[PDB]
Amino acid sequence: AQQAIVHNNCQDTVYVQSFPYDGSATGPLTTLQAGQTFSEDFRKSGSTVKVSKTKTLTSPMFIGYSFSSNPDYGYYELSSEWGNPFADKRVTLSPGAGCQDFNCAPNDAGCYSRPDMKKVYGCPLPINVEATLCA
(Lines of atoms letter the chains of each structure in order from A and count residues from 1; the text may use other names and numbers.)
(Lines give C-alpha, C1' and ligand atoms only; values in the text may rest on other atoms or scores of the structure.)
Protein backbone atom coordinates (compact mmCIF):
# COMPACT_ATOMS: atom_id res chain seq x y z
CA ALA A 1 0.00 0.00 0.00
CA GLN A 2 0.91 3.66 -0.52
CA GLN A 3 2.37 5.08 2.71
CA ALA A 4 2.11 8.34 4.64
CA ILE A 5 5.28 8.56 6.70
CA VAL A 6 6.54 11.04 9.27
CA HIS A 7 10.13 10.78 10.53
CA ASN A 8 10.86 12.60 13.80
CA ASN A 9 14.46 13.84 13.72
CA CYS A 10 13.73 16.38 16.46
CA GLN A 11 15.16 16.13 19.96
CA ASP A 12 11.63 16.66 21.28
CA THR A 13 8.90 14.02 21.28
CA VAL A 14 6.02 14.63 18.87
CA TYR A 15 2.49 13.28 18.57
CA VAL A 16 0.99 12.28 15.23
CA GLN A 17 -2.58 11.38 14.34
CA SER A 18 -4.27 10.84 10.99
CA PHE A 19 -7.74 12.34 10.42
CA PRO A 20 -9.37 10.89 7.24
CA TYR A 21 -10.75 13.49 4.82
CA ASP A 22 -14.12 11.70 4.75
CA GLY A 23 -14.42 12.73 8.40
CA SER A 24 -14.50 9.19 9.81
CA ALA A 25 -12.65 7.74 12.84
CA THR A 26 -8.95 8.61 13.03
CA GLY A 27 -5.93 6.35 13.21
CA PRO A 28 -4.18 5.74 16.55
CA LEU A 29 -2.66 8.66 18.47
CA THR A 30 1.03 7.99 17.83
CA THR A 31 3.95 8.98 20.06
CA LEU A 32 7.26 9.54 18.28
CA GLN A 33 10.30 10.01 20.47
CA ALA A 34 13.46 11.37 18.85
CA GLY A 35 14.43 9.15 15.92
CA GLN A 36 11.09 7.32 15.66
CA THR A 37 8.82 7.12 12.60
CA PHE A 38 5.05 7.23 12.05
CA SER A 39 3.56 5.32 9.12
CA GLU A 40 0.13 4.37 7.87
CA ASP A 41 -1.35 2.92 4.71
CA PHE A 42 -3.13 5.56 2.66
CA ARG A 43 -6.70 6.10 3.78
CA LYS A 44 -9.00 5.77 0.76
CA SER A 45 -10.57 9.20 1.28
CA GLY A 46 -7.28 10.98 1.87
CA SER A 47 -6.28 12.28 5.29
CA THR A 48 -4.73 15.12 7.20
CA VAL A 49 -1.89 13.86 9.34
CA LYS A 50 -1.66 16.27 12.30
CA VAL A 51 1.69 16.68 14.06
CA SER A 52 1.85 18.32 17.48
CA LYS A 53 4.13 18.67 20.46
CA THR A 54 1.26 17.75 22.80
CA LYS A 55 -0.95 14.68 23.30
CA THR A 56 -3.89 17.07 23.11
CA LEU A 57 -2.86 18.02 19.55
CA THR A 58 -2.38 21.70 20.32
CA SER A 59 -1.68 23.90 17.28
CA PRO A 60 -0.69 21.07 14.96
CA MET A 61 1.11 21.28 11.66
CA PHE A 62 -0.48 18.96 9.13
CA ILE A 63 0.52 16.81 6.21
CA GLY A 64 -2.45 16.33 3.91
CA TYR A 65 -2.87 13.79 1.13
CA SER A 66 -5.89 13.66 -1.19
CA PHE A 67 -7.27 12.70 -4.60
CA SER A 68 -9.38 14.27 -7.36
CA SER A 69 -11.62 13.46 -10.33
CA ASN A 70 -8.51 13.01 -12.48
CA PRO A 71 -7.71 9.47 -11.33
CA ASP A 72 -4.06 9.86 -12.28
CA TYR A 73 -2.94 12.14 -9.39
CA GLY A 74 -2.40 12.30 -5.63
CA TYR A 75 -2.14 15.68 -3.90
CA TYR A 76 -0.09 16.61 -0.85
CA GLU A 77 0.10 19.63 1.39
CA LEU A 78 2.46 20.72 4.15
CA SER A 79 0.36 23.21 6.10
CA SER A 80 0.90 25.67 8.95
CA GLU A 81 -2.71 26.88 8.77
CA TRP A 82 -3.50 25.73 12.34
CA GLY A 83 0.02 26.07 13.67
CA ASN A 84 3.56 24.79 13.27
CA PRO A 85 5.56 23.54 16.26
CA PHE A 86 8.61 23.25 13.98
CA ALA A 87 8.66 26.74 12.51
CA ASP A 88 12.29 27.31 13.56
CA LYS A 89 13.34 23.93 12.19
CA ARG A 90 13.60 22.37 8.73
CA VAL A 91 10.66 20.30 7.55
CA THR A 92 10.59 18.33 4.31
CA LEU A 93 7.70 16.60 2.51
CA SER A 94 8.30 14.52 -0.61
CA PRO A 95 6.19 12.34 -2.91
CA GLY A 96 9.38 10.93 -4.42
CA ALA A 97 11.01 11.67 -7.76
CA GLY A 98 9.46 13.56 -10.66
CA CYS A 99 7.25 15.87 -8.61
CA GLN A 100 7.60 18.95 -6.39
CA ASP A 101 8.78 18.65 -2.79
CA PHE A 102 8.29 20.89 0.19
CA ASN A 103 11.72 21.74 1.54
CA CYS A 104 11.00 24.34 4.18
CA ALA A 105 14.08 25.96 5.72
CA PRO A 106 14.08 27.01 9.39
CA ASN A 107 11.98 30.16 9.87
CA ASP A 108 10.79 30.24 6.25
CA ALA A 109 7.08 30.51 7.01
CA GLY A 110 6.18 31.32 3.41
CA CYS A 111 7.27 27.86 2.28
CA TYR A 112 4.27 26.20 3.94
CA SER A 113 0.72 26.07 2.70
CA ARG A 114 -0.96 29.12 4.26
CA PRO A 115 -4.64 30.05 4.57
CA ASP A 116 -4.28 32.85 2.00
CA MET A 117 -1.35 31.32 0.12
CA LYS A 118 -2.29 27.67 -0.26
CA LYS A 119 0.29 25.20 -1.55
CA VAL A 120 -1.06 21.85 -2.62
CA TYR A 121 1.05 19.87 -5.08
CA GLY A 122 -0.02 17.07 -7.42
CA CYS A 123 1.88 13.96 -8.56
CA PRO A 124 0.97 10.90 -10.67
CA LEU A 125 -0.15 7.88 -8.63
CA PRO A 126 1.01 5.77 -7.01
CA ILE A 127 2.97 7.74 -4.41
CA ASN A 128 4.26 7.57 -0.88
CA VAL A 129 4.22 10.82 1.05
CA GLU A 130 7.20 11.11 3.39
CA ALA A 131 8.01 13.90 5.83
CA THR A 132 10.97 14.59 8.09
CA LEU A 133 10.65 16.87 11.10
CA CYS A 134 13.79 18.77 12.08
CA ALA A 135 15.58 17.55 8.93
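Residue indices: 1-based, along the sequence shown.
When the C-alpha B-factors of 119-127 and 13-21 are averaged, 119-127 comes out higher. Looking at mean Cα B-factors across 103-111 and 68-76, the upper value is held by 68-76.
Residue 50: CA B factor in the lowest third of modelled residues in this chain (values from the PDB entry).
Among all modelled residues in this chain, the alpha-carbon of residue 82 has a temperature factor (C-alpha) in the highest third. Per the deposited record, the Cα B-factor of residue 1 falls in the highest third when ranked against the other modelled residues of its chain. Remark: residue 57 belongs to the middle third of its chain, ranked by C-alpha B-factor as recorded. Ranked within its chain, residue 94 lands in the highest third, by CA B factor from the PDB record.
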